[PDB]
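Colleague: sequence unavailable; structure follows:
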């Protein structure tokens, strides 16, 4: 899955770069659109009582992201997601998050992944 | 006048090298939190009671900026306490200088009358 | 009457189940950003021209909340344009309903001083 | 080493808990006060969430230097809510001028 996004000004800090905590926010955005494209948006899910919980997360920072920069988050597949952030086709960061469902249950949903 | 002390965190600044304007409202929220706590009836207690404080409007004037690691104070003042709403005015001080002033107006939902016990701690 | 479209992200909400009031100003900033860009003077470019848009004050009236995943629109207009300041007004629409009203007042700074709004930025605004 | 803090309302989500991205912000505050006690670049970060933190919960962040070299240092983090460790984490850093 490919998620496209532009760096907003408030997402940067005095260092002139995107605060690292924001990357986990970009990742969450990628997941939201990934599920939506699968007809199982994180939205209709909750209606069923299914609430995706985060177990752990990791992100490696290789290159800075500046205000207004255009980039994409490449998302791929308890279930974990892999993430690669590209800016002009250059890997600026790599990450991964681990999740699970609580209604704590087995993965019903399973193949929209 | 209720004084709230705080220091600027790095993630609170933006590329311009100053605290993002949207974070001031968060500073005012923190001020309100300690204010109500100092009265012995924190907002969390109100919530576990089914009460909810709803923000009606917020305003902020920015005179001088705040930088990372700056020590500053938020001087909160109860402006108006009516039957259904209450208003707070704030002044942000850095080294005793007014760098910004603001105000917020709130109502409560359980729209209901501000309960007696809350009225008591807002005075 | 510039329209800015956006959907609510989960991290922008709080425990009360709604978008935290402080994020609205972030939405208005994004809207200003696309406004300036759509006109040819994206803020980034202004920052490179040595121009800085400084905020003087901002107001927001909250009528109804925004929930996670709500699709909404920010409509921005130019309220005033003097030689030193310009003011934007905003209306947050959800299903064609005014969910919030607001305004922000700005000035232009170059080096370390407020300078007359250059004709360059001037044409774009009005 | 020991960083005390309380959860602010805006730091929580619609699911009623502190958003996971905020934990890194707490680690930055702890890290900040640690240094004061005594250009930095973040290389990588990780966090394990065992128990959630709620609005205005008082919690403690135990900071510890775990690794050190000529080019990078690493801090370990443990978040305590009462007598229970609700989150484990670490971050590695370097410096460039």
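Modeller: Here it is on my side, so go on. Numbering: from 1, shown residues only, chains lettered A, B, ... in the order given.

Colleague: next, the angle strand D:40-49 makes with the longest helix seen in chain A.
Modeller: Residue-count comparison of every helix in chain A, with assignments taken from DSSP state H, identifies helix A:20-37 as the longest. Using axes from the mean of the first three to the mean of the last three CA atoms, to 10 degrees, one finds that helix A:20-37 and strand D:40-49 are set 50 degrees apart in direction.

Colleague: residue contacts, the residue nearest to residue A:71 when sequence neighbours are not counted?
Modeller: Nearest non-adjacent residue to residue A:71, counting by CB to CB, 6 or more residues apart in numbering or on different chains: residue A:87, 4.5 Å away. Bear in mind the C-beta positions are built from the backbone N, C-alpha and C, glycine included. The contact partners of residue A:87, taken as CB atoms under 8 Å, 6 or more residues apart in numbering or on different chains, are A:63, A:65, A:69, A:70, A:71.

Colleague: separation between residue A:47 and residue C:69?
Modeller: Residue A:47 is 11 Å from residue C:69, where distance means CB to CB, to the nearest Å.

Colleague: what residue lies at the spatial centre of chain A?
Modeller: Of all residues in chain A, the one closest to the mean position by CA atoms, centre = their mean is residue A:27, 1.6 Å from it.

Colleague: now do the contacts for that one.
Modeller: The neighbourhood of residue A:27, defined by CB under 8 Å, 6+ apart, consists of A:57, A:59, A:73, A:75, A:81, A:83, A:95, A:97.

Colleague: just those residues that are near chain D?
Modeller: Checked against chain D using CB under 8 Å from any CB of the partner chain, the contacts of residue A:27 give the following subset in range: A:57, A:59.

Colleague: just the ones in strands from the contacts of residue A:27, please.
Modeller: The strands in this structure, assigned by DSSP state E, contain A:57, A:59, A:73, A:75, A:81, A:83, A:95, A:97 from the contacts of residue A:27.

Colleague: show me the contacts for the most far-flung residue of chain A relative to its centre.
Modeller: Note on chain A: the largest separation between a C-alpha and the mean C-alpha position, by CA atoms, centre = their mean, falls on residue A:14 (24.1 Å). Contact partners of residue A:14, counting by CB under 8 Å, 6+ apart, are B:10, B:13, B:14, B:15, B:17, B:18, B:67, B:68.

Colleague: 10 Å instead, please
Modeller: By CB atoms under 10 Å, 6 or more residues apart in numbering or on different chains, the residues touching residue A:14 are B:8, B:10-19, B:67-69.

Colleague: and the closest residue to it other than its chain neighbours, bridged to which residues?
Modeller: Excluding its sequence neighbours, the residue lying closest to residue A:14 (CB to CB, 6+ apart) is residue B:13, at 4.1 Å. With DSSP bridges as the criterion, the beta-bridge partners of residue B:13 are residue B:19.

Colleague: quickly name whichever of the contacts of residue A:14 is closest to chain D.
Modeller: Each of those was scored against chain D by CB to the nearest CB, and residue B:11 proved nearest at 5.1 Å.

Colleague: before we move on, the earlier item: of the contacts of residue A:87 - the most surrounded one?
Modeller: Of all the contacts of residue A:87, the most densely surrounded is residue A:65 (21 neighbours; neighbours counted as other CB atoms under 10 Å in any protein chain shown).

Colleague: can you pull the contacts of that residue?
Modeller: When the contact criterion is CB under 10 Å, 6+ apart, the partners of residue A:65 are A:7, A:11-12, A:17-20, A:22-23, A:26, A:71, A:85, A:87, A:92-93.

Colleague: what's the ChimeraX syntax to select whichever of these are buried?
Modeller: Here is the ChimeraX command that picks out the buried ones among the contacts of residue A:65, judged by 16 or more other CB atoms under 10 Å in any protein chain shown:
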select /A:7,11,12,17,18,19,20,22,23,26,71,85,87,92,93
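
Colleague: residue A:110 against residue A:38, yeah?
Modeller: No. The pair residue A:110 and residue A:38 fails to qualify as a contact (CB atoms under 10 Å) at a distance of 11.0 Å.

Colleague: contacts only, for residue A:54.
Modeller: For residue A:54, the contact set (CB under 10 Å, 6+ apart) comprises A:24, A:28, A:97-100, D:17, D:19-21, D:47-49, D:52.

Colleague: list just the nearest of those to chain B.
Modeller: Distances from chain B to the contacts of residue A:54, taken as CB to the nearest CB, are shortest for residue D:21 (10.0 Å).

Colleague: ok, back up a step: and residue A:110 and residue A:38? which has more neighbours close in?
Modeller: residue A:38 (13 against 9).

Colleague: quick one, phi/psi of the more buried one?
Modeller: Main-chain dihedrals, residue A:38, degrees, to the nearest 10: phi -90, psi 0.

Colleague: doesn't residue A:107 make contact with residue A:79?
Modeller: Yes. Using CB under 10 Å, residue A:79 is in contact with residue A:107, at 6.5 Å.

Colleague: name the residues contacting each of the two.
Modeller: A shared contact of residue A:79 and residue A:107, defined by CB under 10 Å, 6+ apart, is any residue touching both; here these are A:99, A:100, A:101, A:113.

Colleague: which of those residues are buried? Put it as a ChimeraX command.
Modeller: Applied in ChimeraX, the following selects the buried portion of the shared contacts of residue A:79 and residue A:107 according to 16+ other CB under 10 Å:
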select /A:99,100,101
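
Colleague: from the shared contacts of residue A:79 and residue A:107, which is closest to chain C?
Modeller: Within the shared contacts of residue A:79 and residue A:107, distances to chain C taken as CB to the nearest CB reach their minimum at residue A:99, with 13.1 Å.

Colleague: wait, the closest one sits on residue A:109?
Modeller: No. In this structure, residue A:99 sits apart from residue A:109 without contact. The criterion is CB under 10 Å, and the distance is 11.6 Å.

Colleague: which residues do those two both contact?
Modeller: The contact sets of residue A:99 and residue A:109 overlap at A:52, A:79 (CB under 10 Å, 6+ apart).

Colleague: rewinding a little: and the contacts of residue A:54, which two are the farthest apart?
Modeller: Using CB to CB, the two most remote members of those are A:100 and D:21, lying 18.3 Å apart.

Colleague: can you count the residues close to residue A:47?
Modeller: When neighbours are counted by other CB under 10 Å, residue A:47 comes out with 7.
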